[PDB]
Ligand SMILES: *[C@@H]1O[C@H](CO[C@H]2O[C@@H](C)[C@@H](O)[C@@H](O)[C@@H]2O)[C@@H](O[C@@H]2O[C@H](CO)[C@@H](O)[C@H](O)[C@H]2NC(C)=O)[C@H](O)[C@H]1NC(C)=O
Ligand SMILES: *[C@@H]1O[C@H](CO[C@H]2O[C@@H](C)[C@@H](O)[C@@H](O)[C@@H]2O)[C@@H](O[C@@H]2O[C@H](CO)[C@@H](O)[C@H](O)[C@H]2NC(C)=O)[C@H](O)[C@H]1NC(C)=O
Ligand SMILES: *[C@@H]1O[C@H](CO[C@H]2O[C@@H](C)[C@@H](O)[C@@H](O)[C@@H]2O)[C@@H](O)[C@H](O)[C@H]1NC(C)=O
Ligand SMILES: *[C@@H]1O[C@H](CO)[C@@H](O)[C@H](O)[C@H]1NC(C)=O
Ligand SMILES: *[C@@H]1O[C@H](CO)[C@@H](O)[C@H](O)[C@H]1NC(C)=O
Ligand SMILES: *[C@@H]1O[C@H](CO)[C@@H](O)[C@H](O)[C@H]1NC(C)=O
Ligand SMILES: [Cl-]
Ligand SMILES: [Cl-]
Ligand code: NA
């Protein structure tokens, strides 16, 4: 039996057999007062404290969220849907530790993505027992409110200040600060890691004064706060708060009245209207996201970044080779997971209308002009390939590279990867390539599990990634030093070296998507 005593009371874990060894798991530890009733839309509150033993033996409630019903029965989508009850009472976290209990272990904390609208810590691809077994790190992960319940904003008004999900994440990091020593962890060696909205959250904690001292280093997988989807302008954030009041018959005149009303709606009514607070949605819509709230975020983050106002530490940042493909099947014309999706020029342009709602006509000719200069053959898959690249370069790859450049210029070591392995088990079709989100299972070590049907080359790839992630966290340097591996060079402005992660040869290259990001980063924001 394994009981640990925490500042707020005792908690009982659960032993797990992993690869002939053992990990202890504490699944479902509360970290804040449940945000119900009068606390809906408010910053998370401190935990009352309990006598008697809290059992942390199963995942807890996922936070309320809309579900992907686009492909019922389909593992490719359904693997991202919550696998525990939805409930507004979802502020819990998980701790996997190695056995025997470690003495002063480096801690990894995962922050999931999901567009800030969806996600949960209990997905099978975020299961931290492989890491803890194999690398003897402690892994922590938390649920944080998403959608309007998480990011609804009415600026300056503490009934609904915005950024509540980010305060959820932040209060989980405090919990780790106060508590992880008792589990054998080193509060002085904490690395945050996250993918997509989770990565963007990691980068905002790098800008938040309140987070400065709740962690050591950071890993950003396919996301960063300067991505076009990542921060809602104060303008939009109120237009949206109002369209939601309106939509739920909660329009008022006193704004604290609007919120009192919204607190009486029942969660389904809020979720149901979220998709409509925007007149034109894209498959990449983030209707309720982070804002400049004057609290968590003190200024537009583009400015903090440019002027070097952020935590000085090392970062590991990377992207997948076909970031944009996943989204094309959620609304782009002539695209389907059940066929090769050869599209025509006319469909390409309609595609751009879907992804770039408005966006002038010249805006969209300029994208087409940059991306449809065929070299050449013809090449029926030209327009299909080009639309995915447009979507991936704009939304993920260029914002990641730009973030890494800028961050690196204030003098910190920074490492950049380019993930280009397609999982042998991937359920989406071949033309979608190395999709967004499909490096996560390599990082968490799922292919280390031989019973699971991955190739040999996959097990090895994952073994090396896990090592590089762990070395980054413990040492600030993502080398794999033993098996004559390629040395991962720091990313400097000027040379802009990066490391490729694939099953055959990993290599050092320079200047990923140089022409494309010059277009995205320098020219496009003007239009
Ligand atoms: C800011 O909000 C207004 C609000 O309009 C919205 O009403 C909501 C309840 C919601 O159902 C939503 O679908 C609806 O659009 C937006 O104004 C709208 O703009 C379009 C044309 O651009 C009109 O044809 C709509 O009918 C119009 N509605 C009203 C009542 O004016 C507005 O566009 C939006 N601004 C943005 C894009 O941020
Ligand atoms: C690949 O499929 C797309 C997607 O939509 C289709 O799914 C198919 C597998 C098919 O069974 C069909 O029932 C379904 O509509 C096809 O695009 C569609 O093309 C048809 C042609 O008449 C249009 O009318 C549809 O509007 C359009 N679908 C939408 C809503 O986007 C596509 O043609 C097909 N392409 C191939 C085989 O290369
Ligand atoms: C546990 O180790 C503590 C310090 O180790 C960390 O130093 C940090 C600055 C950071 O770079 C981490 O990556 C290092 O691992 C030490 O001061 C504590 O007193 C130790 N406590 C124990 C052994 O219980
Ligand atoms: C916690 O679970 C254990 C299972 O062995 C049990 O001994 C204890 O009574 C539990 N407390 C409950 C059910 O709240
Ligand atoms: C709006 O109503 C709230 C809630 O009772 C109240 O605190 C506030 O003073 C009101 N604002 C004004 C004066 O318009
Ligand atoms: C080193 O390579 C060997 C195979 O020769 C393998 O058994 C081992 O797991 C590797 N270590 C790492 C950290 O990749
Ligand atoms: Cl034309
Ligand atoms: Cl190698
Ligand atoms: Na131009």
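Using Swiss-Prot numbers, chain A covers 31-557, in order.
According to its header, the structure was obtained by X-ray crystallography, 2.3 Å.
Including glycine, each Cβ sits where the backbone N, Cα and C put it.
Taking all protein chains in view, 28 other C-beta atoms sit within 10 angstroms of the C-beta of residue 93 (disulfide bond). Under the heading disulfide bond, Swiss-Prot lists 93-120 (among others).
Residues within less than 8 Å, Cβ to Cβ, of residue 466 (tacrine binding site) and separated from it by at least 6 positions along the same chain comprise 226, 252, 350, 352, 353, 354, 355, 356, 357, 422, 426. According to Swiss-Prot, the tacrine binding site annotation covers 110, 466, on the basis of a large-scale study or a structure entry.
Summarising the annotation, Swiss-Prot assigns substrate binding site to 144, 145. The Cβ of residue 144 (substrate binding site) lies under 8 Å from the Cβ of 95, 110, 176, 226, 227, 228, each of which sits 6+ residues away along the same chain.
DSSP gives residue 226 (phosphoserine) a coil state; it is part of no helix or strand. Annotation source Swiss-Prot lists phosphoserine at 226, citing experimental evidence.
The active site, acyl-ester intermediate feature in Swiss-Prot is assigned to 226; the stated evidence is experimental evidence. In this view, residue 226 (phosphoserine) is surrounded by 26 other Cβ atoms within 10 Å of its Cβ, with every protein chain counted.
The disulfide bond annotation in Swiss-Prot covers 280-291 (among others). Taken residue by residue with DSSP, residue 291 (disulfide bond) is part of a helix. Counting Cβ atoms from all protein chains shown, residue 291 (disulfide bond) has 15 others lying within 10 Å of its own Cβ.
Look at Swiss-Prot and you will find 353 (among others) tagged as active site, charge relay system, backed by experimental evidence. Residue density at residue 353 (active site, charge relay system): 27 other Cβ atoms are found within 10 A of its Cβ, drawing on all protein chains shown.
A C-beta separation below 8 Å, combined with a sequence spacing of at least six in one chain, links residue 547 (disulfide bond) to 423, 427, 428, 431, 432. What Swiss-Prot lists as disulfide bond is 428-547 (among others).
Reduced to three states, the DSSP call for residue 466 (tacrine binding site) is coil. Marked as active site, charge relay system by Swiss-Prot: 466 (among others).
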Other C-beta atoms within 10 angstroms of the C-beta of residue 145 (substrate binding site) total 21
Judged by other C-beta atoms within 10 Å of its C-beta, the most isolated of the disulfide-bonded residues 120, 280, 428 is 280
Comparing the Cα of residue 145 (substrate binding site) with the Cα atoms of the disulfide-bonded residues 120, 280, 291, the shortest distance belongs to 120
CA pair residue 291 (disulfide bond) / residue 120 (disulfide bond), Å rounded to integer, equals 22
Other C-beta atoms within 10 angstroms of the C-beta of residue 110 (tacrine binding site) total 19
Rounded to a whole number of Å, the separation of the Cα atoms of residue 280 (disulfide bond) and residue 93 (disulfide bond) comes to 23
